[PDB]
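**Student:** Following this message is one structure expressed as structure tokens.
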Amino acid sequence: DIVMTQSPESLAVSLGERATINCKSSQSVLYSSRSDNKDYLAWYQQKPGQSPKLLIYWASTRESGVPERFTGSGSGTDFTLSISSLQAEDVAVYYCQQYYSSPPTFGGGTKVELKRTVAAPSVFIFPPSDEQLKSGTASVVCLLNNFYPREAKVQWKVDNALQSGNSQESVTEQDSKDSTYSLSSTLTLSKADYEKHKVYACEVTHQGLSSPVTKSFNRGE
Amino acid sequence: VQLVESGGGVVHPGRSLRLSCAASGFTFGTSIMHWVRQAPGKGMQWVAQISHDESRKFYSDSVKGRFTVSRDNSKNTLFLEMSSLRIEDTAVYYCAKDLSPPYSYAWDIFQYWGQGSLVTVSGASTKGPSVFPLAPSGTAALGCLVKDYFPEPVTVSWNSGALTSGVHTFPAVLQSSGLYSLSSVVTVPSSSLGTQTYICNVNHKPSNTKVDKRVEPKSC
């Protein structure tokens, strides 16, 4: 019945800098016995798609092989996970967990992001394929590749007319090597409508672009 | 140390499903094992605990009476029998080893985890994807659009796994149709398009779909 609460939901810090993750238990997880007092709390690291890994437990004790830059501290009701010098490979979601009472419960997680230099996106546009147009539907895709930060505005235009509601976005997780993002934007259209307009354009706005970038094509050429 | 969960997929509400977890690298027979799950965009939730000899079993009140944890120590395999499944049971299910030493009660410290197995519970029809090329027209971008499939997930490789640099498979997006859509892209030297063949290998296991679409460049 113990509720764990983590703060903040996400943080971004530069290479070599300190990341701080706070965790609060609804009830004290400090257990008293004949031996020393121990805080029944553990920390875990989870990269997308990969097996979670035990980092710390008893609040402060490092698991074998965990680098010393990971430091667990706190007592009773307040706890902190400290990353002395963040590395790209450190990008992950971190969760705390109490095992003082049953059932064991976890925090909501904190996303740790690496704040790297600004990188402008490489923009590409893809018309619907002849295969799909034969199938009766039409999808126009716009790719923003290897950019940072994540924030970016994609606006579709059909014959210079701005689009809204007919597109959907998807963003990759921060890369493990260059710590960049990639974004897809899909304009879904009906075949009949697609054939009535000529120029399709994807205009991108980003912190790394001095001015909006445009990638477009003409349907029939 | 390896924990590999298998089984899992889509099931209609009310039906059952059995997960398995093959273990190696530790004395499985003498260690306490757990099941922990993670619902979409939420935190971990402990599900079940089982002792070395199965004499002591424990379940989360959220699954009590519906799930059964068992194990076969001769084959170093952990089992989770899930019955009367509900929409809220949709999650990636992890197999985990407890840090407690042999013959001691559980520490509830999850020393080792598996990579997890996705369990989907929906009364929605399974459907495979349609794979269309994102044709390229000193670096050129190729891709494949994987459209109108359900339930998740699909996995995309390029050139039977030989091409992995510059690949970005985007997370699925649910359309107003209720079907998922996904894209996978790859950047490649522009000078290889006329000679090198690029084939996206899409795999959607729920529907038993496995497509190899060759992406041809546009030349003008």
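Identifiers for the structure tokens are assigned positionally: chains receive A, B, ... in sequence, residues are indexed from 1 per chain, and ligands are indexed from 1 in the order shown.
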At a cut-off of 8 Å, using only C-alpha atoms, what residues contact range 36-39 of chain A? Leave out same-chain residues fewer than 4 positions from it and give the result as number ranges by chain.
**Tutor:** A: 29-32, 58-59, 75-76, 100
**Student:** Output the contact residues of chain A with respect to chain B at a cut-off of 8 Å, based on only C-alpha atoms, as an MDAnalysis selection string.
**Tutor:** chainID A and resid 42 49:54 57 99 103:109 124 126:129 131:132 168:172 182:184
**Student:** Find, counting only C-alpha atoms, the residue in A:87, A:28, A:80, A:164 that gets nearest to residue 110 in chain A.
**Tutor:** A:80
**Student:** Rounded to one decimal in Å, what is the spacing between CA of residue 215 in chain A and CA of residue 129 in chain B?
**Tutor:**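 Between CA of residue 215 in chain A and CA of residue 129 in chain B the gap works out to 27.6 Å.
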**Student:** Identify, on the basis of only C-alpha atoms, every residue whose closest approach to residue 72 in chain B does not exceed 10 Å; exclude the query and any residue fewer than 6 positions from it along the same chain; express the result as JSON, numbers by chain.
**Tutor:** {"B": [22, 28, 29, 52, 53, 54, 78, 79]}
**Student:** Keeping only C-alpha atoms, write the selected residues as a PDB file, in the first residue's frame.
**Tutor:**
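The resulting part_0.pdb:
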ATOM      1  CA  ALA B  22      13.655 -19.657 -19.844  1.00  0.00           C
ATOM      2  CA  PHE B  28      17.264 -21.386 -10.951  1.00  0.00           C
ATOM      3  CA  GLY B  29      16.062 -24.342  -8.895  1.00  0.00           C
ATOM      4  CA  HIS B  52      12.060 -22.537  -5.102  1.00  0.00           C
ATOM      5  CA  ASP B  53       9.673 -25.471  -4.557  1.00  0.00           C
ATOM      6  CA  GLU B  54       6.373 -23.671  -5.371  1.00  0.00           C
ATOM      7  CA  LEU B  78       9.014 -20.041 -15.012  1.00  0.00           C
ATOM      8  CA  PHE B  79       5.340 -19.925 -15.980  1.00  0.00           C
TER       9      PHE B  79
END
